[PDB]
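Please read the structure below before turning to the comments.
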Amino acid sequence: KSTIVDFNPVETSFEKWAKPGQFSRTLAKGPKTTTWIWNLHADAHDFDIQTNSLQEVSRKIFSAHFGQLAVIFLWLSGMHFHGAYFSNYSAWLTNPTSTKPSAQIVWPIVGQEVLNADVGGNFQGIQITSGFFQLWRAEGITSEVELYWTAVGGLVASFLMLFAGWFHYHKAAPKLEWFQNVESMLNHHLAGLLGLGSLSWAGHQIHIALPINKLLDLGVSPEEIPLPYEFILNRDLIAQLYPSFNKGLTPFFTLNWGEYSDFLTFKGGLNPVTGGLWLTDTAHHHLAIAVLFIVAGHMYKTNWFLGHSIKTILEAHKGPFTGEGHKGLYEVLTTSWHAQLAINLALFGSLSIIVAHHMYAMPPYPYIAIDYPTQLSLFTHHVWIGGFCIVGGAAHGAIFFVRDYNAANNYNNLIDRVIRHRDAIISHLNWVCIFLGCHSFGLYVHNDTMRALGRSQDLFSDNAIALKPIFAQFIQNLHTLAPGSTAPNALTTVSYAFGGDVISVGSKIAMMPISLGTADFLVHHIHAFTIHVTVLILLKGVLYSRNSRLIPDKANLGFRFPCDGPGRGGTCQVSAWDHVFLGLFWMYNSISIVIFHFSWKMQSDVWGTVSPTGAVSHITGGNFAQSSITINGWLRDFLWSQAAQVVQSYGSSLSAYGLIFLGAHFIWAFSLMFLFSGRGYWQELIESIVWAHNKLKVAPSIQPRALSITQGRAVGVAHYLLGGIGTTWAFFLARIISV
Amino acid sequence: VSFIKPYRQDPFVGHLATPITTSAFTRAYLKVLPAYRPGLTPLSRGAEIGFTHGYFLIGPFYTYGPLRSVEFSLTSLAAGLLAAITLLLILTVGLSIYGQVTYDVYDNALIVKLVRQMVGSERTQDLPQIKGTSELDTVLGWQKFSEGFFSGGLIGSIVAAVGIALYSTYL
Amino acid sequence: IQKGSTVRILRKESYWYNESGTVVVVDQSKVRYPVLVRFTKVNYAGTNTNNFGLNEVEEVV
Amino acid sequence: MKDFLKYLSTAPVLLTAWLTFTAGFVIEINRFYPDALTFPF
Amino acid sequence: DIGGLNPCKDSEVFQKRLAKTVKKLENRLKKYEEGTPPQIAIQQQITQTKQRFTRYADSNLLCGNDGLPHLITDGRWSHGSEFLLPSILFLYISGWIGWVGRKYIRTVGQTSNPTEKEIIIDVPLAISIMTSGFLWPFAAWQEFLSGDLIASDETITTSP
Amino acid sequence: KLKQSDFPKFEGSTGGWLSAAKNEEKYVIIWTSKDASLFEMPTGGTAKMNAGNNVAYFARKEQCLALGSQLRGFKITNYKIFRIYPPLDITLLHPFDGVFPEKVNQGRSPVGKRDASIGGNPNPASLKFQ
Amino acid sequence: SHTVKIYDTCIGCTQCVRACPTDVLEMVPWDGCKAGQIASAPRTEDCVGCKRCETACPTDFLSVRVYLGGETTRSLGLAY
Ligand code: CLA
Ligand code: CLA
Ligand code: CLA
Ligand code: CLA
Ligand SMILES: CC1=C(C/C=C(\C)CCC[C@H](C)CCC[C@H](C)CCCC(C)C)C(=O)c2ccccc2C1=O
Ligand code: SF4
Ligand code: SF4
Ligand code: SF4
């Protein structure tokens, strides 16, 4: 009878596994039409409509989190197992600059063995662009046995998380008060999870990754490198590489932290041997992060007369312009899972995009900057994940507004005041979007039409009307001057992208000053415009989710509904879901432009080879500066030019990329059937098909119905995203692996 | 204190009394503008608006036109001046047609009172209704407004061309 | 026709036209559509029953 | 094991098992007799 | 011969294709070492390529001017193994599938809960029906004769 | 603070009526409440009722009716909606005969009733050029 | 304004009237059904065409039918 958990709440039985739709009150009666099948999967994780108790929803969410973490652990275990058994990691360790990482071999069936490429190191397989080899090298993993043991540990951890989910749904489910301890949860997630994870990783780096990687960079082969445990039992194997361990932990406890400058450095730049960040800098960074997060975890009052109450902090932040201020926000975020999901997903996607930027900007792994496929894939993948997560955060903000928003509890607070002037916000955001689009894109079109008319001096180019990004160049200058002036204890700039020397590893450029000209001005304003339009769609969905001048009772129709009818001139897509659908489209557009800008700019003005005398030759040859300012330039010098490797991949080991290119084109075009058409035509065609089936006595008892309007839109957008992202995926991968 | 309140004590208007809509600075600044400055005939309002608009309109045409010159060129100035004048002509055409299709009144601030007093049992929209009581809201008022806009636009464009030539020559 | 009888729907604007249903109750009052018929197949609106007139239903042998 | 066998009798599990078996025997026919453009007879 | 094509056994371009593929595979084989699994895999690829080309040559297959086997599907039994025999095989298999599906639909359509037995298959009855589809050509031309294959006027029709 | 004492304690929203409900028509909903309950405006956000007479103005009949439907959740039933033309031309709209349209009241005649089902509609080809 | 017609298949279940967002439909006495009531459309000038009325109709092919016609500021749902 614990005060935090309920014991044996749900019986572990297979009876409900044999009753599909048991969770829903409407679906439990059984299918009558094929719409029931689709409704079954669309409501599976909508725990809000399955129970009327916040406690049950919270417990379901907790167990679902455990299942998700078990799935993630299984995926990581699979990655490590493939590295251990079906990879050339050992060969890549001895030749990182000449062996391509491969960790998946393809069975010899139907002639598909051509996919096993010549990745080097007496190996055949698919080249890997996830950068696991570089990460494992940075971890100090020098043998495939360690990868096997990490895979075994991942399997054990996945089973543990599965057992934890089962235990906390069926044997000991926490109570609502336990879930609502946001102060305790924040304290623990900030100190324990974040800070202690940073501290543990700093310890691992210092004791395992720092010596092993230093020996690897010195040229010591992985076979004669001591086993990682020997660096702990023997204080002399690590004190030779870093002659500060001879003093032990006495400098730490005597506040003489200057003695540890051997392995806790602040250098900046990149390791000249590997092209990645100095691992001493990384260990010092993780140590500082650990201390900062542990300190930050002692902020909120949990169980003693010590710390802050988030309710008292929020309620004190009022103002003349904001009425009641943040009063009621604590109740909103402690009684609505959707609001928490909105905030967490938005910040999580933004964090993913920031991670993507800082990855290529400052390569943190050895021999990852010179693996161009890995860098391109990591950036594009993380930016895509960030965009999807941001759209999801907007969607769940809209869901909270529709479902969990209480008008009485939010009288004259920030949420109320935002809804009260939603018109002004949306109208000014509309004006900003029109201004930004007009300018950015019409400058592009003006360049295109001036070039087409033979007026080269009338373009918005560097040798013409020039739009120099002076503000960004000022920041670039400030960073390259930071070491010794504003960061006096730095030896080198944080990233060579801001300026400095060309860093090359094995005649391949790792990082180099990224010059910003009029071409970068236009593409940056294109980014701003696309982001603003996506924000416009999502914010219009969130703010007008409850009511509008069209439908004053839109909240009574729910978050997900197709329309209110053909009246009022037509009330299609007025939902808030139909705004997360359009916003998904515009996020695809924005992220596609972002990754295109990254790919072309890097290939044209960063990546390449360096001659022995210091001459820099890039992959494309600097065509970004003069040919990325017109739409015809993007079509020809980027799309047409770099699509050559994809279309000429047939018969080679990259033929799978051409096949996926074609299939993604097919899927993207397939999406337009659902996006352009309507439900009535398909229902009436199914009518004649059903007539034929009845004529042959083969009409199913479950009456076949065309997909609902909302499901038609969902299928269309899912296929559109899959096709477009897969086309860009195949194009990028084939292009950057070939060259 | 609260700096946002319902506009004119009406919580049902689609408007708010923010520190921008109803600030003393906003009041004075909009009351010194030609469109709202007291004591101006519609012709005077149009003339001032046209002068300012032609004056700042000749700029972009002369600077970024198809016949630019990093040095001073009489042809560039003439091209910019002609483009500005033709744009003012297009704007005046728009003003004329807008006034033609919008109003049917020759003397406002009275007809409203006449139909609020002596009844308006007619086809309405001319006797009754009547949006706005300004002198700009009449057929005669808008015609003189357009005439003033057009004349002032020509004069201001010429003045700005002269100023541009003087600045480029003597500086 | 009576309760439990099987009838064929003769109403053309019906989701169960030419199909067979089960009569739930035939009203004896002066209503316009007294026959209430229950069907196994739900219509497009989800309902599985409807009121029919005496001349819009034909009893199956 | 009365409701577990009923769960295995559901449409998704049965379709997954049948399609896995189908792809399996197709792939194995194509392994043991590869590159079959015409009928073997 | 038929349509201006020639047998692949006497098509020079066919042998050129075989030689080029084998040469590419051997050149790939040259860059690996000893009896290592990559060399074994490439050698198996070469052997399979040679076997496939030899089988296509000795298969009554007509090759065009590009040295690729062309299919003669006009209906002649001479090239009957290209389309006609696979056509019969597919017709048998697909008729089996359709027959067992229709039989299952009609069988569980006369139970208390026909819709339940469509998402939760009666595996015993399903297995009973599925292995009975080998007589689908005979069952179809024994149910059509009895009038049990086609509905007549209980089928629904739209308003016009 | 507000023009009239019976207005709900609303802080004003940029979602209220516009120039249309000054020269074409405006709609007013009146009701009496026992408690100063906090309710959501059909246009903007949260407003506070008056413990007594309450009067609200809107630009559409649908907005007033949505507010009235919300009022039913507060056990408020006596709400009445009027249409006001550009001058003070008040016309009672929603409780037209004092009884809600969902409840049958004597004195109502059927409007738009056809003495046949859908299938009895005439063929469009016979309704050409009339 | 749109056109709304009521047909004698009406069973007087009132679901159309209580679904109208603009108070177009009302229940009037009748003698053609058990409930003794039939829907009426006396205020079609307020009809917006949202067709919520016939989404709540349980009769087989509807007893209330909305035919979209000429548009008006009321029928277009214009708050401006
Ligand atoms: C220092 C203590 C501590 C630590 C380390 C964590 C760590 C975590 N919590 Mg958690 N939590 C804590 C205290 C702590 N919590 C307290 C005190 C409360 C009560 C307010 C909660 C309430 C809570 C909820 C409601 C949820 C989490 C979730 C999570 C996970 C977030 C997912 C993630 O980042 O993946 C990082 C993943 C890893 C690093 C994998 C290794 C982590 C393992 C499992 C260690 C977990 C520590 C655990 C608390 C020890 C208990 C053991 C048990 C025998 C008592 C993460 C594993 C979320 C989640 O995913 O649910 C499962 C979630 O929904 N926590
Ligand atoms: C932490 C992440 C997270 C979480 C927990 C949720 C959770 C939820 N979301 Mg949500 N969402 C997210 C991210 C997340 N979402 C993101 C990133 C987006 C933007 C795209 C959305 C957009 C979104 C919408 C628009 C809606 C939800 C809804 C829901 C709720 C019901 C979900 C459900 O039943 O789906 C069950 C799961 C499925 C139906 C799976 C569908 C399969 C997907 C679409 C295709 C995946 C393809 C995959 C990549 C493989 C393709 C490869 C190909 C070759 C085969 C639930 C509370 C719905 C709701 O009603 O909320 C109350 C709703 O309407 N969400
Ligand atoms: C190439 C196709 C295309 C184009 C041009 C646009 C353009 C636009 N969309 Mg988009 N959209 C598209 C495809 C496209 N969309 C698709 C496929 C979808 C489906 C998901 C959407 C969904 C969508 C939504 C949901 C939203 C937009 C919005 C916008 C507008 C953003 C504001 C802006 O930049 O206006 C400026 C106009 C342009 C940049 C277009 C070119 C104008 C030129 C360059 C300058 C002016 C030329 C000049 C006037 C020509 C005069 C001569 C002529 C008379 C002969 C803009 C009009 C948002 C909106 O309403 O605006 C805020 C919005 O909310 N779109
Ligand atoms: C298995 C039973 C079955 C049978 C006997 C038929 C028979 C027929 N269908 Mg059909 N159909 C079925 C299932 C079936 N269908 C399913 C499951 C779907 C949904 C995808 C469709 C969708 C469909 C369409 C859209 C059309 C037909 C058409 C037709 C007719 C012409 C043949 C054709 O085009 O094939 C069409 C076959 C497919 C599109 C693929 C069917 C998918 C699989 C192979 C069938 C399902 C197998 C099932 C799971 C087996 C379970 C039984 C087991 C438990 C015992 C013919 C009356 C056409 C027509 O009206 O022409 C007169 C037409 O336009 N059908
Ligand atoms: C085709 C179409 C239909 C009909 C589509 C239907 C009935 C979907 C049928 C799906 C089948 C029955 C199952 C899926 C079969 C696929 C082969 C499985 C997916 C492939 C896997 C690899 C995922 C609609 O209902 C619709 C509704 C609204 C707008 C547009 C449309 C629309 O375009
Ligand atoms: S069906 Fe399509 S069009 Fe007709 S109302 Fe619903 S959404 Fe608008
Ligand atoms: S459309 Fe249907 S619902 Fe909307 S008002 Fe007219 S009748 Fe009532
Ligand atoms: S909808 Fe049809 S049934 Fe429901 S009330 Fe109006 S008329 Fe009677």
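Amide hydrogen proximity for F:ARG114: with H placed 1.01 Å from N in the peptide plane, the residues at 5 or more positions away or on another chain lying under 5 Å are G:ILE6, G:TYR7, G:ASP8. If you take all C-alpha pairs in chain G, what percent of them are over 15 Å apart? Summing the P(r) of chain G above 15 Å gives 51 percent of all pairs.
Above 33 Å, the calculated P(r) of chain A contains 62 percent of its Cα-Cα pairs. Over chain G, DSSP H runs of length four or greater, each weighted -39,500 (n - 2.57), average out per residue to a 222 nm ellipticity of -500 deg cm²/dmol. The alpha carbon centroids of the stretch F:1-54 and the stretch A:48-89 are separated by 50 Å. For the stretch A:220-352, the percent of C-alpha pairs falling in each 10 Å distance bin, counted from 0 to the bin holding the largest distance, reads 9, 20, 26, 16, 19, 9, 2. Estimated purely from DSSP H runs of n ≥ 4, each contributing -39500 (n - 2.57), the mean residue ellipticity at 222 nm for chain D is -22000 deg cm²/dmol once divided by its residues.
Taking amide H as placed 1.01 Å from N in the peptide plane, A:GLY319 has its amide H under 5 Å from the amide H of A:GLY325, each at least 5 places away in sequence or on another chain.
Taking a ≥ b ≥ c as the square roots of the eigenvalues of the alpha-carbon gyration tensor, chain B is classed oblate because a/c is 1.5 or more while a/b is no larger than b/c. Highest GNM mean-square fluctuation among E:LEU149, E:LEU61, E:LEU71, for chain E modelled with Cα contacts below 10 Å: E:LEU149.
Percent of Cα pairs in the stretch A:341-401 per distance bin of 10 Å, from zero to the largest separation: 26, 39, 22, 11, 2. For the peptides B:71-80, A:661-670, the ranking by packing is A:661-670, B:71-80, with the highest mean count of neighbouring Cβ atoms within 10 Å listed first.
Working ranking of peptides D:15-27, A:633-645 by packing, defined as the average number of other Cβ atoms within 10 Å per residue, highest first, is A:633-645, D:15-27.
Descending by average beta-carbon neighbour count within 10 Å, the peptides A:609-615, A:73-79, F:103-109, A:728-734 line up as A:728-734, A:73-79, F:103-109, A:609-615, the highest first. Our note on the geometry: Cα centres of the stretch C:9-44 and the stretch A:597-649, 71 Å apart. Taking the Cα centre of the stretch A:1-111 as reference, the dipole from Cβ charges on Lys and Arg (+1) and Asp and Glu (-1) amounts to some 160 debye. Bridge orientation summary for chain A: considering DSSP beta bridges with both residues in this region, about 85 percent are antiparallel.
DSSP bridge analysis restricted to the protein assembly as shown gives an antiparallel fraction near 90%, rounded to the nearest 5. For the stretch E:58-72, backbone phi angles converted through the Karplus equation (6.51, -1.76, 1.60; θ = phi - 60°) give residue-by-residue couplings of 9, 9, 6, 9, 9, 10, x, 7, 9, x, 10, x, 9, 9, 9 Hz, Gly and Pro being listed as x.
Annotation: chain F has a Kirkwood hydrodynamic radius of 17.2 angstrom, from the mean reciprocal C-alpha pair distance. How crowded by other chains is F:60-72, given as the mean number of beta carbons from other chains within 10 Å of each beta carbon? Counting Cβ atoms of other protein chains within 10 Å of each residue's Cβ and averaging gives 6.
Shielding by partners for peptide A:560-571, expressed as the average number of C-beta atoms from other protein chains within 10 Å of each residue's C-beta, is 6.
For the segment C:37-48, counting C-beta atoms of other chains within 10 Å of every residue's C-beta and taking the mean gives 4. What's the center-to-center distance, using Cα atoms, between the stretch B:40-112 and the stretch A:260-279 in Å? Their Cα centres are 65 Å away from one another. For a straight C-alpha distance cut-off of 18 angstrom, the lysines reachable from F:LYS26 (same-chain residues fewer than eight places away being disregarded) are B:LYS131, F:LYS3, F:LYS61, F:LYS80.
Rounded, prolate or oblate, given the Cα gyration tensor of the stretch A:537-584, with a/c below 1.5 counting as rounded? Note, shape of the stretch A:537-584 comes out prolate.
Cross-link check: pairs A:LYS29/A:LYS540; A:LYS19/A:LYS175; A:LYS16/A:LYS695; F:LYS48/G:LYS5; A:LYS29/A:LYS327 evaluated at a Cα-Cα cut-off of 32 Å; pairs beyond the cut-off: A:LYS29/A:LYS540; A:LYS16/A:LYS695; F:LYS48/G:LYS5; A:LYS29/A:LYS327. With N the number of residues in the stretch A:290-429, Rg(Cα) / (2.2 N^0.38 Å) evaluates to 1.38. Helix content alone sets the calculated 222 nm mean residue ellipticity of chain A: runs of n ≥ 4 DSSP H residues at -39500 (n - 2.57) each, divided across all residues, give -17000 deg cm²/dmol. When all alpha carbon pairs of the stretch E:1-104 are counted in 10 Å bins from zero, the resulting P(r) reads 14, 29, 23, 20, 12, 3 %.
Is the shape of the protein assembly as shown best called rounded, prolate or oblate, per the rule: a/c under 1.5 gives rounded, else a/b larger than b/c gives prolate, else oblate, with a ≥ b ≥ c the square roots of the Cα gyration tensor eigenvalues? In terms of gyration-tensor shape, oblate. Working from label points 7 Å from Cα in the Cα-to-Cβ sense, the A:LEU255 to G:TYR80 distance is 6.7 nm.
Counting neighbours? That spans all protein chains shown, and the Cβs are built from the backbone with ideal geometry, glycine included. Every number in this text was worked out from the coordinates using simple rules, so none of it is lab data.
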